[PDB]
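Asker: Have a look at this one.
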Ligand SMILES: [Ca+2]
Ligand SMILES: [Ca+2]
Ligand SMILES: [Ca+2]
């Protein structure tokens, strides 16, 4: 009995400091919005980045807030022409009985346009 | 208690109309084959596309059939030399107690060769 | 109620024989470490490969040990400069009530450095 | 005591047949609109063409309608980015006492946009 | 009975704002220097620009000071090596009985060097 | 009441000495042929050169025979493929009541072919 | 009976002002350190520069402090990869009975690292 | 009262180990052949290398045999086409009253051909 | 007790015949100007050539006038932009008690400009 | 309608010796830039700091100019005091304007470092210094003006709309 | 342990309306940069110049912060006065900080000239202004921070060691 | 003859501990630059602001220096106060000098933003701050000096002629 949680955020530059910070912010905001109390509730978390972001692993930011015992995976997003640049996307798999329409998805900065 | 559902379909061209249509067809066929009655049964859905398809997000097609409250994610497939071109792949994560051997996977068009 | 299992392994060359073998080894080691008794326990398995590995699908190796009824998906990893080369990563989604801190993750060969 | 007459016309291709025909049409229309009765009334006629038209002299078309005794000159127009393509412009110098606001200028085909 | 009036002016950059302003200044100065009281006195006005100026039509500036009923034409100047860069030149054809040596020609900014 | 006078001449090379000399010769011949007695009779003179002549201004030659008080302008001719190379063309605007068919136009050297 | 004197100095840029100044400083410091009282004591002076310094002759700086009657020669240093950049080296040949271990060699700025 | 001593030697490759060793060998052989008993007898030593040798300073080898208090300088040899490749040349300036025809010059390996 | 002697000469071409001849001339002139009676007076001779001279060794010319027992060395001069082309420079080290201001330096052909 | 101030600072022009083409150029540029209604408030004054200060204050406080553009008196000449007068009447300065103008001009003239233009805010009014040279006027405005409509936006001033073909402001 | 000040200047954040993610971002960056022990001294204050001055002075003199980083109130908005408060409390200014930050941002937004950030020294304390925009925070710090540990070195302050993989300071 | 001031600001050099090669370098550069007659007016002083101010004022007002070049005391070190002393004695500042010098040095060292040099005018005298580092002296002068003869021209000062092979000023 699992619910996915989507998140997204943009950065202004392809640097490690920016990607990690944005990811931390998004991750923390995703957890708070849904009232998650422990990392033990997470089956797994998957990240994607657009092709214009290569300097850092988003997964590193999750470990900065102690998600060591949570399984993480990252991949590259489809590079659609004209699509929003420099986006970090998150799919958290959450062990919960929360109804689908009661899950809260989090879109930050310019990623709100998505 | 989750079961994955795999799907795949090919297109003849890298255009948005083709990718979205093929995806809709595959998605609708995946749901029907397994007797799913509501989008609320889906934890999440993940797509991949081969590197020769860049014009559109497959996730857009899912929203065309009202999968707004379902969390979606897309990524790029490994570009193996000599591998089947122009493939959209789907992994739906389904909340069900269906036995593994009773889940129905859907391979359409030239993707049947997979 | 799902737990992810992470694995990783390196290869010394981009050939099909090497990628498939390494993947089989990693997969078998992941299952043994966690005491899994049947493929029916697996919701799904996701693979990623670094951009320097293109000759083969990791998913093919899973089918070599009879994971036919298990849903598989593969994607490309983010190509971070200076990051460990030639890595196959696995995320298995496991139907279990095992505590998060009792799940065993498997890092083999040079991938131990991760 | 001289009045200039401006004309302009576009063509769809850089061929001699098209440029000469368009020029003849424009020239004949310029003369008719102003009620000119003889080529002897013309001090001179100057043409310009955009840089995407090189296959023919506009002055050749004037000689096709018997402007042999009229002095003709042609030059290249300024190639402004985003400006209307493939334009033939004419400045006829007319010996007349016609008021400035009673002279009739002629803009044909897509050149009307000018 | 016509007298030409020559003008010239330089600009420091190939931008529309600069070319139009410089042209307006030159045009206004040409008219004032010769005591012209109405645009109706002008048979026609011809402009040339050096090849390093392509962003704008000089003729546009004349229309900014209401020379709508005056016929205008523009062309490219000969690109002589080592010749003064970025020059707008004007030849106004003036209906007047002014003696040739009583006509006043106007050379502005670095164009004074001409 | 103005009549244009056309002239043309060719040169064998793109050098300043050749262009200026040819222009002087043409100019002097144009004036003599029409019986002009003073530069005061000229409203203006316009030159064009083909794109294979860039080393000099034709207008400079007119000033070598004292046409200082005469307004001069030069432009580039349309570069038609296969058209006669290395041509200097002149259009003099002459204040005269000479009939159109009594004006004498001057074509020198290989420019006679025009 | 001759003793060589070695000197070296670095500059931050390949400009004449920098090379000459640095050389003067080094030369003056070399003379002072060894207590030389006259240029007449110098048999000769040889300079070398690294390949990243080409804008000036070091020998010119010696003439700025009046070494006109002293014979000077300059050459290029071996361009070793990873070797200190932008170095001016001096070998002065000094007529003296000073013991070898009593001669003072002068290494300035970043050249101290040598 | 100074005598120069010339030496030369070849190497088979542009590596530091080879250049330094060859130089040491040549230097030691130069000293022995002339019966020099102390480094204090040397005013200075100058080296040149052909353009195909860039990996090391020859001067480094002299310091390996304790020539610390001896002033050293190196430069690039003229790259004559067809001239012997990979040559290290030495000019030692020796404080001695030895007759010119009693000084012994040392040419080793393929450098004997010089 | 040593005095350097400087010489320089230019050549019109990078050929062996020219470089050797010019060098011989310069060398002979250097010796004569200073009244040297024997090659035994020379400690050593050093040459430099500009980078536009590569066809020959200057040292070869010295051996053409019997300087076999004299130690010779050659190097490349610094290639300063705008500096005099095609220069052969000589520094002879002369065993003499001649005062510094009584030594005669020799600059020949266009090298006089130095 | 938005009101924009144009201040020509020049002893020669105010004395009626030289014609003020520098000031005329700014007005021409602004007419080319703006497609919205605006009223030019224009005045020629000598290189006297007391006069300049009073002028800027009168334009920003009394006549309510959202933007005031000055020209002249920005050099090292003894009388050039326009930046000083500007700094005196403003409560907050905008270093980014002078920095960018000098940066764009240095690609041409090395003597661009002799320019001392600044920009500042007096209440809800933006004051910008341009050099006296008529030719440099267009290039200087073109550099900083794409930021000016948004600056005025942040001060609750008039919403200036522009001719995109001439200039493109960022918001 | 080295003590670093973080000052969020915002009426909305201090009033508890908007969440302060700008301040949180700076702390996250500094945690990523520094591998040596340090204590964050953090406070949210309104856009009131008297309050800002007092705050900066309290952090540099009383609490002994070697580095104080502010965010917000650097724009042309009427209430934005952080640079003024900074200039008031510092004995010496560092023009090079604002110059570089605006220079790096201009490659993106033309409106970077509307930014008025400066930096200064109060005794042995370096104070640096960052813009309010959370996204611009990382890029601004990344530009100037490679010089900050050496600056603090010159003032006999704490020897800050950095994570090279994140940032590389020059000494 | 034109008179040019050279001021070395350094506690160690004025105390006679360290040799002043920074000041010697400026004189060497100026000798290489100028082909016209000029007299160097040179003095070494400690990092004391009262002394620096008095020195600059004495050189510009009493000894009539058209150009005064200082070196040292432009960093974030506690004693470095040369820019402050410069700003105190000048009636008008030239921001373009410090802006360009920092801009050229940033291509090398990221710590170029720690430099606080400025330039200003006292009456008819141009004062320019150079860093203390002897190596940076040539590159800093080379950057700003092509504008200095024309600056001095505008103040009715001496007409400095230059060695084109060494440096090319713009007029
Ligand atoms: Ca107001
Ligand atoms: Ca303190
Ligand atoms: Ca004075």
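Here, residue 1 is simply the first one shown, and the rest follow in order.
Method of determination (from the header): X-ray crystallography, 2.8 Å.
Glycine residues also receive a Cβ, built from the backbone N, Cα and C atoms like all the rest.
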Asker: Check Swiss-Prot: it lists C:89, C:107 as binding prephenate. Then name which of C:3, C:6 it lists for that same site.
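Answerer: Candidate listed by Swiss-Prot for the same site: C:6.
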Asker: Based on Cβ atoms within 10 Å, give me the single least packed residue among the binding-site residues C:6, C:89.
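Answerer: Counting other Cβ atoms within 10 Å of each of the binding-site residues C:6, C:89 gives the minimum at C:6.
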Asker: Please list residues from the chain of residue C:107 (prephenate binding site) whose Cβ is under 8 angstroms from its Cβ, counting only those at least six apart in sequence.
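Answerer: Once residues fewer than 6 apart are set aside, residue C:107 (prephenate binding site) is near C:7, C:8, C:9, C:114.
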Asker: If the prephenate site is taken as the center of the Cβ atoms of C:6, C:89, C:107, which further residues of that chain fall within 8 Å of it by their Cβ?
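Answerer: Nearby residues not in the site list: C:7, C:8, C:9, C:90, C:91, C:105, C:106, C:111, C:114.
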Asker: Using DSSP reduced to three states, classify residue C:107 (prephenate binding site) as helix, strand or coil.
Answerer: strand
